[PDB]
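Heads up, what comes next is one protein chain in two forms, each shown on its own as structure tokens, labelled structure 1 and structure 2.
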Structure 1
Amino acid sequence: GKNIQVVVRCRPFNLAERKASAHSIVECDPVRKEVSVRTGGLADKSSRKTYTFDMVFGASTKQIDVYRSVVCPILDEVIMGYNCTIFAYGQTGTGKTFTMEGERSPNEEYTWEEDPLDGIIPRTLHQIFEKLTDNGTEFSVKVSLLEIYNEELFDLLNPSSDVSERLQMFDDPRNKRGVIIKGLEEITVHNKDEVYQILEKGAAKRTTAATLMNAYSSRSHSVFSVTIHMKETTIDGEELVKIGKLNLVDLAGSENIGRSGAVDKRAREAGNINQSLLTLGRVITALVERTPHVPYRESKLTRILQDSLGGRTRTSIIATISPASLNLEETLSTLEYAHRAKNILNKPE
């Protein structure tokens, strides 16, 4: 089913990897939607595995390419009144956060909205304001940013929370698929430029969080949500009301998720964070295969996203990998995970 998409983004070789003279073991064919990884020893050319996805982005792919292929078709649905999710999944250091958030280009050269290094979040907020303005619709934008760490929920947008008070999740009595997270702060964004300070405060609150908690931000899931209340009036009479929602999910690093058949796999995958990643896999698979049992309850992440994941929706996963020999096992495990989420057969060579 086309409503759930799985894509892979390979990042360029970094400086660490080039100074270790790491080998480049990954090949991405965009046209064939294939990613092939040399799986064997230093000299073994013959030995390679191939996987097929909805899309594949090689190392020269820029932020804009990712946004237009993956994001923009989804944003169209959100603005049409739906509730949609995009995940970034992958080993620590592979670009989950670069993809979701992005970076500032050097010197002064860009307004934040025009910076080509922008990731999904800034691009999305920019487009919501620009597009709804051009359409003449009346709208408002609200945002919240929830972090998940050791099963505890944290609001990163609460200035006065300060800091590490945990929120409380309840089933929503008025929504069978919904939860209410008690005291989660949804900030209203009156003017597009305000997101910058809101999120800059979020980052400082996030930096603080790292100073007390163990391996924070590699082990945490971050859920950014934008809700848009929109009102249009048609040519003849009608006032029209729609609520769209977009979840942008930067997942805990996948480094301890094993490939199948791995020696120590159970031991490595122990702990709440690793199991939440696996639970998510199960939910996605069950949604793709359309099996009746989809286990949303077995993690906090999937309880929070159930409402989005289970409706008339678009859901994409961006699986980020390193090109390097330093990363081989983690890259293969990421591809296996992505492949298990949505099973796409290799086309004939």
Structure 2
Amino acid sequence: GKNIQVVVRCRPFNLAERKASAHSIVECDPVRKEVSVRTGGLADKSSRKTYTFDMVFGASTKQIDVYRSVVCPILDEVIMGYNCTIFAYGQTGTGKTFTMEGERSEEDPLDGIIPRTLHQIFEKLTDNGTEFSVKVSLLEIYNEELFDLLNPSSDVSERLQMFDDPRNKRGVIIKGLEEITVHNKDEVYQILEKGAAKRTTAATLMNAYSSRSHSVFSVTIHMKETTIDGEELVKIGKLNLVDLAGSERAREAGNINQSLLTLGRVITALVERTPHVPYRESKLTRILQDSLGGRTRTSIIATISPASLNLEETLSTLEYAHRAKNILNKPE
């Protein structure tokens, strides 16, 4: 019960889990906001471990219903001119990218957050008369090094440098980052497309895999609203959509442990109001600082597998989400 929402989304079985003879160990109960996992080793059908969250989504949960519960309330905040962040956390293949982006293959029912938010920003702002402009940026953090995914020319190993700008505190300046003007609703798709192809090339040429790196898609809205006898009103607002690296050579994995672990140290600090927030201690936390501790709405989506095969990773991601906002199991 705070500005920090921690929720869990369990995916359906994949084909590999079915080929492996995996069994369902995850039980999701949306009404009690609980998730339990049968933890039993040999001959133990007794032990189950429960966790309670702000929200629990089962495997049959639709995209649009994750959007309506988690994203709408954050968008309103943004439209009022605030900075907010939504994180997808979890094991590779549990649906981080699916939640954040989705796919096409009205509103395409497989759409994730990113295309859906754009469509609403446009629908809402154009309905209520607001004067506005929409900018998006997409970068990637691999090995504590930033890479612009949207820069049309300059396709290379080219890193971006980050400076702590004297101008504003809490903030940071990334020199050279492409910010693209979004001219209309459906334009997200080709922008996601361009970022994709580039992402692919950085996978093959630098072996930087999207499963090993943080993906930050930023949208900024400039709004001007006026009403007769209504006070002309000027607002900027910012929405950060972060698709994290997998939570599951030796050097760079040590690094991804450090960031997620720091991001978590940060979220725990925000929840507790316990001062001294260690934004400093990783690039990711640094890039996002202005949208985090400065009071705001913040959300974490934790993804999980239903299968016995994934039990260790599933428990870790729930141990993690739970260390982030500790909320107690309730009786009965």
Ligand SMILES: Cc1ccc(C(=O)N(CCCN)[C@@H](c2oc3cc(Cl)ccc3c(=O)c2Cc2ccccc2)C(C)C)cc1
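FYI, numbering is relative to structure 1, first residue = 1. Heads up, when I say rigid core I mean the largest set of C-alphas that superpose within 1.5 Å between the two forms.
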| request: With both forms of the chain shown on their own, indicate which is the form deposited without the ligand. | output: 2
| request: Identify which of 168, 207, 214, 133 has its C-alpha displaced by 2 Å or more between structure 1 and structure 2 once the rigid core is superposed. | output: 214
| said: Tell me whether residue 31 is among the residues that move between structure 1 and structure 2 (Cα shift of 2 angstroms or more, core superposed). | reply: no
| message | Please determine whether the C-alpha atom of residue 289 is displaced by 2 Å or more between structure 1 and structure 2 following superposition on the rigid core. | response | no
| Supposing the core is put in the same place in both forms, how far has the CA of residue 183 shifted between structure 1 and structure 2, in Å? | 0.5
| query | Core-aligned, what's the Cα displacement of residue 42 between structure 1 and structure 2 in Å? | reply | 5.6
| What is the C-alpha shift for residue 192 between structure 1 and structure 2, rigid core superposed, to one decimal in Å? | 2.1
